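Just one chain is shown here, as structure tokens, and it is the form deposited in one PDB entry.
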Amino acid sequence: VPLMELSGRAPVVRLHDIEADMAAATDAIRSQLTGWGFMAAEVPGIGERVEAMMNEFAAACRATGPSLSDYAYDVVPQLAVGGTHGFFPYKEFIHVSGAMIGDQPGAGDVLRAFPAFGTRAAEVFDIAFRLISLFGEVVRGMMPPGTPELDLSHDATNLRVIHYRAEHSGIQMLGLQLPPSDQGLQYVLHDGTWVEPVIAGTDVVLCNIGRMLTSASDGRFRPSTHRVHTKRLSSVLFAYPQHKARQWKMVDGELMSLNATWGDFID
């Protein structure tokens, strides 16, 4: 599987100029989606924050003062409508939702229990959510006129951090792969062959098309199917619209509102 270098070739998006740098990167990003099936940007300083976050998660995974399993999903208060946040014991991982970051009450306790990790996770969540919303505006701009805004929801979006890790794609609208600790993540190209982005220990983030966006675009953009081939930590933002909101679909240039909700799509 060929390596794909991205450091130094992907568009640069600076942490304190995100909106302006993403506007400049728009054409490069569109050409990635058209030419590869996934997108990429280099964000100077992101790797520093993500590695710190991941290493603090690894330490928390071994801790007992309070243990992360004290915040396993089945003992964390969950939203009446939405996905499941909290810790998933053993390959062991945590979902930090936007709702959890705002304590929606007690859901925030895992971040109060591990505040060094939790502060980094909130920081990375916020950067990732700003970036991914601008990626969605790029993709929207490629879609026919009258395409609605993606309407990604802060509270329904979640940052997953994994501790010990076949081909698949995300169910949601978009994903943002942050630089993992090790190489091994691979993506399939439009020609059906696989590539391995060089991203471990870099400032490069990848943006994945999820299956909700494949549906909303009526097949125009296939999911950014990927797999992990190892020879070990990783984090990714999964961006969702509001679960109770009505699906829509651009069919042959016409906007269609459906009865089914985005929550129905997940089920």
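Each residue number is its position in the shown sequence, starting from 1.
Below: the form deposited with a small molecule bound, not depicted.
- The stretch in contact with the small molecule in the deposited complex, judged by heavy atoms within 4.5 Å, is 176-184, chosen from 189-197, 176-184, 141-149, 114-122.
- Taking a 4.5 Å heavy atom cutoff to the small molecule in the deposited complex, the contact residue among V228, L33, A52, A58 is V228.
- Proximity to the small molecule in the deposited complex, defined as a heavy atom within 4.5 Å, holds among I162, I101, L134, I127 only for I162.
- Looking at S234, you'd find a heavy atom of it within 4.5 angstroms of the small molecule in the deposited complex.
- Not displayed here, the small molecule is approached by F238 to within 4.5 Å at the level of heavy atoms in the deposited complex.
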